[PDB]
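Here is what each chain is made of, one letter per residue.
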Amino acid sequence: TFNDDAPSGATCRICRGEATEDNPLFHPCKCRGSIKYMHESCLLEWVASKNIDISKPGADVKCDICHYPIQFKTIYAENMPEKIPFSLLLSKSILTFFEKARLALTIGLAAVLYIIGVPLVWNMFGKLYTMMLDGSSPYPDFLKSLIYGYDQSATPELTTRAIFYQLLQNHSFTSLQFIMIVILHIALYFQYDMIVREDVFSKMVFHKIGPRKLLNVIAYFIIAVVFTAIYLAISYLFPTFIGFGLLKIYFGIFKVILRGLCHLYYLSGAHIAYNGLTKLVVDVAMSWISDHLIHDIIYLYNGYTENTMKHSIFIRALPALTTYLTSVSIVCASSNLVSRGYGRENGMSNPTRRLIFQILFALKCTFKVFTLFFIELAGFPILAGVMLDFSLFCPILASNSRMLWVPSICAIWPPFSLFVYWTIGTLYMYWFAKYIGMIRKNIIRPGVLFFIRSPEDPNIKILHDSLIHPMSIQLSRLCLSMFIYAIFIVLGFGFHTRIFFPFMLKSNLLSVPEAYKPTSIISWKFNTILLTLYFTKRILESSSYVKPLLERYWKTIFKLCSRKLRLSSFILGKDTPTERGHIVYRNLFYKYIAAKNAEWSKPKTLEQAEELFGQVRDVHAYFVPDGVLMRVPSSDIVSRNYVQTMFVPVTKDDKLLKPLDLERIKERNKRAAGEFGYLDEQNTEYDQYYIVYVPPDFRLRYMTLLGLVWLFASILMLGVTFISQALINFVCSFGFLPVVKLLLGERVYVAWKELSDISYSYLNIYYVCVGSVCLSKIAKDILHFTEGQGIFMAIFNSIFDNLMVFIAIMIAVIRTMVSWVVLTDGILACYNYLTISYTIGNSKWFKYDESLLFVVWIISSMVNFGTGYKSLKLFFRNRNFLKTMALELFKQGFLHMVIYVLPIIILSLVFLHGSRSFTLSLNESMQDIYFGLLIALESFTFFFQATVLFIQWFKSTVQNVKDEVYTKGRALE
């Protein structure tokens, strides 16, 4: 019935109705009050509105408010187990097995068919279309022309192994091509949508124009094949056919223009240059490498015009590239040409032309913005990485004679060299940005760095500003930035690691020894160095008594440099009058030798100073400012249209020394702004001006400062590295080595003795890192005066809060490896029993040594897939907390590993592949007990499996007879 506990006036949470005799109020949650009360009918309706079939076994309904699981009781019909003892259970089991088999077959067929056939049909159509284009076949047997095709450096072979080992490369090739195509299309569409959604595009176009089942799976493959065929045909036969003629025209035009202009210029005014270069020094050296390089261009040209340079991606891709580039250029030019003729005073009244113009303009803007955003994000980091490689990583890790190092280590897959360069470049940018940010707000006054972008920048629209300005200005800015970075990286690192130590100082102190030079990306000498550097960076980041020391050092050296380079006020803010004005002594020889005496020997003028020096030979010094005050910005985020009116000389009374024109400034602003110059609004809020002092010849004193900064940074880095290595070498050699010599004999000791004997003249990364952390502790103590072991993992746990996938994959593979070996070992047991070799010999004819292994491998792979799916589901469900999750993973892994390895351990104990393989191989040869133990254990395992199957059948029968009992009578909780 219904408990009287329903208070008079309680209502259902869902419908707000009271309890009725036909529909009572339940409390299925941990909630209290009216919210706790619900009708069963309304609760079932809510579950149905969530698409949750309560009828299914294992549907976990939960409260939306309190997240507590709701429980469902079940009534029972007259039927009982007596009604369903065997035939019903057998029928239910058969139906469940048939349904599972059908579903598994469907999903397997669909997945295999798609993932295998579609890329292979893509590649087959590509090969067929290339063959049709060429007009001939590499192997004039059709079949062998479809597996290898144009693959050079691969001897054909019709064996099954030589076909399976080749058909994987084709699949990888097609998969990579599809991935790149899809990524490019997605990026282009997203960029176009973002451009169109902007609020300035409408104004721009207004300015330009002016005012007015198995069958389903089978059928879903033929459509994909037809679409692949059509898309391949269009996009790989039209562009190439047009590009052949396009390259013909381009080559003819280039040849004509070259042969005319170059020869006319050479014949006219190059005789004097030839006569000078005949004996100037150079001509032989220049022409030798010139013809060597010019041979490559001639070699490549011959390869395209004569079909010999096949099997190369470039030579096959060139016509499509030229066709696409010509199409893009034609689209942009057509947009510009159609735009002409009409303006804001005479609009376009033809609806047909408006759509064409809008689409062309949108495509033009999309291409421009995509190129601009691709350069800064992918092209500059890769170039910076290449430069940093060639400047720093080759002279140290590799030999000095070679140029580049990264292409050598990643010889397994050369294209992977494109990711390492990007990582190096982006890390360099990140650290340089951090260093600049440190200097910005601590030492130098705000206003000396406005050309560099500012991170805060409240009025900074990254996209809206990229449309208004023309392409040339942004390209020039990017080129200048890249050139400056090139100067920095190349000059600094190259001069320090290529010309100073190996040539001028004659030392290998920046050369890793031969025995520990990395040579590959999947070795130990590289992974150990990488992990040591990463963990040392992690330990050095969480110290908190290293950054104030760095800041103090930088401030001290900046004060020292700017007090002497006369830039006391322009770069810092503080100043003394004595910085303004250089004096002259009695004589140049006296000044050079006795500058202090002359100084030891009242403003004036140059003529007055000369007269005083010539008359009275007592004052060997004078004073003349010879400096001008100027006006500079007061913030790093000033408006771009305002910087033009700054940097003008100003007198002491805030009055300009000379008048400043405005017509020229306005003309320059109009010319630089472009056609859409009036669409830009400038945030003229942070707009102030300071009064500073700039010394005469203000173009070399702010380059000497950069030189000194480089020198001092290099001094700091070299000193830290050498001191760390020397300290660790001292500690290790005069510590542990005598102890090991005393305990263990003179025979680990050998390696440690050699590694600590060459380190006196070579570089060691590990010693440098250990010395770095020890010096971090020592410098923290120094800073305190003038994190031992626990904080390390304390921060590491928060950092790690990678392991979810690696732990599950290793556990599943380990169980699979044990299962695969056990199945392989168990398979050989039957052959030995059969020999005790008539049946074994008869079976050996049909490759009995590999069929069983293949079957065992397939079974182990299926088991591993199932276990990995279950582990991934469990991890996703269970997404202090880490310890509980780790314990669950450990318990599951340990239980599976222990059970799988227990039969092997028992077999190993009985023996004391393996014993089964030895018995199989002992055709020409105690063991009875071992043979009996293997058989009896296998029989016991089979009996256990049969018992488990019987228990599962009983459980299925119970579910069949109990679920009908539940279905007949409705009930809720």
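Residues numbered from 1 in each chain as written, not as in the entry; some residues may be left out. Heavy atoms only, no water. Residues with missing side-chain atoms left out of burial classes, pairs and counts.

The deposited coordinates for this entry were obtained by cryo-EM, with a reported resolution of 3.58 Å.

Attention shifts here to the overall build of the protein. Across its full length, the protein holds 32 helices and four strands. A globule of 973 residues ought to have a C-alpha radius of gyration of about 30 Å, yet the protein, at 41 Å, is considerably larger. Taken along the three principal axes of its C-alpha coordinates, the protein extends 135 × 95 × 90 Å. (Helix = DSSP H or I, 4+ residues; strand = E, 2+ residues; numbered from the N terminus. Rg over C-alpha atoms; globule rule 2.2 N^0.38 Å.)

Attention now goes to the environment of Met 471. Mapped onto the elements, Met 471 comes out in helix 14 (residues 471-505). Measuring from C-alpha to C-alpha, the distance between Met 471 and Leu 372 comes to 8.3 Å, with 99 residues separating the pair along the chain. Residues within four places of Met 471 in sequence aside, it is in contact with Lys 368, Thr 371 and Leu 372. (Contact = heavy atoms within 4.5 Å.)

The next thing to look at is the domain arrangement of the protein. According to the domain assignment, the protein consists of domain 1 (1-72), domain 2 (362-511), domain 3 (582-624), domain 4 (630-694) and domain 5 (802-925). Relative to domain 3, the C-alpha centre of domain 1 lies at a distance of 102 Å. (Domains from an automatic or database assignment.)

Next up on the list: the UniProt feature "binding site: Zn(2+) 2" in the protein. When the UniProt feature table is mapped onto this chain, "binding site: Zn(2+) 2" is found at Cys 29, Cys 31, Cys 63 and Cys 66. A stretch of 38 residues holds the annotated residues, and the largest C-alpha distance among them is 9.3 Å, short enough that they meet in one place. Among the structural elements, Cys 63 can be located in the loop between helix 1 (40-49) and helix 2 (87-134). Residue placement: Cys 66 occurs in the loop between helix 1 and helix 2. (UniProt positions renumbered as here; feature names shortened; annotations may be inferred.)

The partner of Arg 197 in a salt bridge is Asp 193, and the shortest N-O contact between them spans 3.4 Å. One end of the pair is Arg 197 and the other is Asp 193, both in helix 4 (residues 160-197) and four residues apart, which spans about a single turn. Two residues, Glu 541 and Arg 538, come together in a salt bridge whose shortest N-O distance is 3.0 Å. Within this pair, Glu 541 and its partner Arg 538 are both found in helix 15 (residues 524-541), separated by three residues, close to a single helical turn. Three or more residues joined by partner-sharing salt bridges are found here, namely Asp 134, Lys 310 and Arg 316. (Salt bridge = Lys/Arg side-chain N within 4 Å of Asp/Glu carboxyl O.)

Note on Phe 370 and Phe 374: the rings are 6.4 Å apart at their centroids and 35° apart in plane angle, and the pair reads as tilted. With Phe 370 and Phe 374 both in helix 10 (residues 351-397), this residue pair falls four residues apart, about one helical turn. Measuring from ring centre to ring centre gives 5.7 Å for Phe 432 and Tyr 485, while their planes differ by 55°; the resulting arrangement is tilted. Of this pair, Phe 432 sits in helix 12 (residues 417-442) while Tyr 485 sits in helix 14, and the two are 53 residues apart along the sequence. (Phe/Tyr/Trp six-rings, centres within 6.5 Å; stacked < 30°, edge-to-face > 60°.)

The residue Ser 544 is not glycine, and still its phi comes out positive at about 75°. Considering the arrangement of structural elements, one finds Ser 544 in the loop between helix 15 and helix 16 (547-564). Backbone geometry at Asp 626 places phi at a positive 55°, although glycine is not the residue there. Mapped onto the elements, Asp 626 comes out in the loop between helix 20 (606-615) and strand 3 (628-633).

Take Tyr 767: it is sitting in helix 25 (residues 765-785). In the structure, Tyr 767 is positioned 15 residues away from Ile 782 in sequence and 22 Å away in space, judged by C-alpha atoms. When near neighbours in sequence (up to four residues on either side) are disregarded, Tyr 767 contacts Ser 724, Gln 725, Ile 728, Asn 729, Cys 732, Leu 755, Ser 756 and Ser 759.

With their axes 9 Å apart at the nearest point, helix 10 and helix 14 run at an angle of 10° to one another. In terms of their interaxial angle, helix 10 and helix 14 are classed as roughly parallel. Residue classes in the contact of helix 10 with helix 14 are distributed as 20 nonpolar, five polar and three charged. (Axes fitted to C-alpha atoms, helices over the stretch in contact; angles between N-to-C directions. Parallel < 35°, antiparallel > 145°, perpendicular 65-115°, else oblique. Nonpolar A, V, L, I, M, F, W, Y, C, P; charged D, E, K, R; others polar.)

Axis separation between helix 5 (residues 201-209) and helix 10 bottoms out at 11 Å; the angle between their running directions is 125°. It follows that helix 5 is oblique to helix 10 by the angle criterion. The chirality of how helix 5 crosses helix 10 is right-handed. Here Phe 201, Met 204, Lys 208 and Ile 209 of helix 5 come into contact with helix 10, specifically with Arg 354, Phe 357, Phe 361, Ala 362 and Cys 365. Tallied by class, the residues present in the contact of helix 5 with helix 10 amount to seven nonpolar, no polar and two charged. (Left-handed = near helix turned anticlockwise from the far one by under 90°.)

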